[PDB]
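Written out below as structure tokens is the structure these notes cover.
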Amino acid sequence: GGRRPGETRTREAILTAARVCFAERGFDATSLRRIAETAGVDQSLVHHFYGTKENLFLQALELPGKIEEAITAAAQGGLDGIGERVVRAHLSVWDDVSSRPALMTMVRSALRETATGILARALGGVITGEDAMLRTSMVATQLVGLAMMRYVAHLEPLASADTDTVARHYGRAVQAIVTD
Amino acid sequence: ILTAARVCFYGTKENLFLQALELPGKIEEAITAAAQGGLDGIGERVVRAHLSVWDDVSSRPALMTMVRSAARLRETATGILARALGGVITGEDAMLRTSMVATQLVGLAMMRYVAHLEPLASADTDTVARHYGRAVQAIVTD
């Protein structure tokens, strides 16, 4: 949560309940009031800590927070092997999250505008040269497209291939925009 | 029939859907052409052909409304793409690599034509083909 006494516990309680509620009914069928009630607080509290329902949803989902952190760390180091590190980092996050029925239930209902803005910022400074920003949105597109087919649509044999084989091959695709 | 379908939106309500949708037969038509000839330049050819279908479709407000009114079409599209391309990606893990080219083409069109991701949505044909074509080429030759 953060700074204030009681604040982490209150935020945690609000996030736990939002996962339960959003996984039960989806984003539109879920109100901040029901989340507030499940959490033992009230709407006004939830608006204070989270702003909007949509900000709440993205926090409870964890993925956005996780993608940002994993891509940011992989985007450090040398341009050599960067494509593949970045793909590994992104698969590991989704492998983490797809372990989790409740998060996975929220994903399958659902995030993709969010994720592309997140990936553009995380890959900042990686892509330089001509059409740097076009090329950065193209890496973002690739990663989002990979995540949707491997973990949501379940396209075969992409869905059942080993993480290691997927990163080695899809890495090249990303490396090629980077070295472009 | 197709006209009204389009305004509203043999077979079933899903085949009357794909037919009036135009997009499936167009993508099949164009990626099949794009995939003939040399491995040099095929990534870019295929991107070019993909973007041309989608420039035609997206210029049709009724068609484009049908599209913006998603998964079953994405599944239809990946199938078409995997069959048009699955006899040109050849070595190690050719099935995985074909499903990655399909994934990349559907992502491209999802972001360029349905979601309006900038700068992708507004970029030039040649620019998009050139750069994204490399990404496809790396899958094909690797």
Side-chain angles (χ1 to χ4, degrees), chain A residues 58 61-68 70-77 79 81-98 103 107 110-127 131-155 158-159 161-167 169-171 173-180, chain B residues 47 74 78 96-97 99-112 114-121 128 131-132 134-136 138-139:
Chain A
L58 300 171
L61 229 198
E62 294 171 37
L63 257 191
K66 293 173 166 171
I67 290 160
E68 177 101 277
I71 302 310
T72 294
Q76 281 180 264
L79 305 167
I82 202 169
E84 157 165 7
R85 301 204 289 275
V86 151
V87 172
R88 277 186 200 273
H90 178 82
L91 293 170
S92 66
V93 161
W94 272 93
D95 297 340
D96 176 10
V97 163
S98 71
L103 311 178
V107 173
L111 160 66
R112 296 185 311 252
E113 287 311 295
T114 296
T116 66
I118 286 161
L119 300 151
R121 159 176 73 276
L123 298 163
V126 164
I127 297 170
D131 314 321
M133 183 190 173
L134 175 60
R135 286 160 48 217
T136 295
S137 69
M138 287 176 30
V139 171
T141 294
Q142 287 177 126
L143 292 176
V144 159
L146 173 59
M148 293 302 100
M149 297 299 173
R150 179 155 168 95
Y151 305 90
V152 188
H154 298 307
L155 180 65
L158 223 202
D162 287 353
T163 270
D164 182 71
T165 305
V166 179
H169 297 275
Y170 209 73
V174 173
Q175 200 56 42
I177 309 286
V178 176
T179 55
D180 197 355
Chain B
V47 180
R74 228 169 264 146
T78 58
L96 217 209
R97 290 170 36 233
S99 76
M100 296 171 171
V101 171
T103 294
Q104 302 166 289
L105 293 173
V106 181
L108 177 58
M110 131 156 88
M111 301 302 326
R112 180 168 166 78
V114 195
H116 206 80
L117 171 63
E118 296 294 4
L120 232 206
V128 177
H131 288 304
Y132 209 78
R134 274 172 164 256
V136 177
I139 293 307

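Naming convention: chains lettered A, B, ... in sequence-line order (proteins, then strands); numbering from 1 in each chain.
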Query raised in the report: Do you know the tightest heavy-atom contact between A:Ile118 and A:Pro64?
Result: CD1-CB, 3.6 Å

Report summary line: Nearest heavy-atom approach of A:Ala75 to A:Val126 is CB-CG2, 3.7 Å

Query - Side-chain donor or acceptor of A:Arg150 paired with backbone N/O of A:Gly145 under 3.5 Å - result: no

Report task. Under the salt bridge (charged side-chain N to carboxylate O under 4.0 Å, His left out) rule, collect the residues that match up with A:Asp95, sequence neighbours excluded. Result -> none

Report task. Return the minimal non-hydrogen interatomic distance between A:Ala176 and B:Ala135, and the atom names on each side. Result -> CB-CA, 4.4 Å

Requested in this report: Of all the heavy-atom pairs spanning A:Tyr170 and B:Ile139, show the shortest one and how long it is.
Outcome: CA-CD1, 4.4 Å

Report task. Working to the nearest 0.5 Å, report the span between CG of A:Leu61 and NZ of A:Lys66. Result -> 10.0 Å

Query raised in the report: After noting the C-alpha distance and the side-chain angles of A:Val166 and A:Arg88, does the key distance pass the side-chain contact (heavy atoms from CB on, under 4.5 Å) rule?
Result: CA-CA 8 Å; A:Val166 179; A:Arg88 277 186 200 273; over 6 Å; no

Report task. Could you walk me through whether A:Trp94 and A:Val107 pass side-chain contact (heavy atoms from CB on, under 4.5 Å), step by step? Result -> CA-CA 11 Å; A:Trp94 272 93; A:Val107 173; 3.9 Å; yes

**Report entry** From OG1 (B:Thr78) to CG (A:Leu155), nearest 0.5 Å
**Finding:** 5.0 Å

**Report entry** Check: A:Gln142/B:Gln104 side-chain N/O donor and acceptor closer than 3.5 Å
**Finding:** yes

Query raised in the report: Between the main-chain N or O of A:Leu79 and the side-chain N or O of A:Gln175, is there a donor-acceptor pair closer than 3.5 Å?
Result: yes

Query raised in the report: Listed by chain and number, what are the side-chain hydrogen bond (donor to acceptor under 3.5 Å, both in side chains) partners of B:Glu118, not counting sequence neighbours?
Result: B:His116, B:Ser122

Report summary line: Those residues at least two apart in sequence (or on a different chain) that pass side-chain hydrogen bond (donor to acceptor under 3.5 Å, both in side chains) with A:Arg135 are none

Report summary line: Heavy-atom closest pair (A:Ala89 atom, A:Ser92 atom, distance to 0.1 Å) is O-OG, 2.8 Å

Query raised in the report: Rounded to the nearest 0.5 Å, how far apart are OG1 of B:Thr103 and CE of A:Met149?
Result: 5.0 Å

Query raised in the report: Can you tell me how far CG of A:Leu91 sits from OG1 of A:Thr163, rounded to the nearest 0.5 angstrom?
Result: 5.0 Å

Query - Stepwise side-chain contact (heavy atoms from CB on, under 4.5 Å) check, A:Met138 with A:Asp131 - result: CA-CA 11 Å; A:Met138 287 176 30; A:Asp131 314 321; over 6 Å; no

Report task. Could you tell me the separation between the CG atom of A:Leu143 and the CE atom of A:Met148, rounded to the nearest 0.5 Å? Result -> 11.0 Å

Requested in this report: Measure the spacing between CG of A:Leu158 and NE2 of A:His169 and express it to the nearest 0.5 Å.
Outcome: 11.0 Å

Query raised in the report: Side-chain contact, heavy-atom cut-off 4.5 Å: A:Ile127 with A:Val139?
Result: yes

Query raised in the report: Between A:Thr165 (side chain) and A:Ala161 (backbone), is there a donor-acceptor pair under 3.5 Å?
Result: no

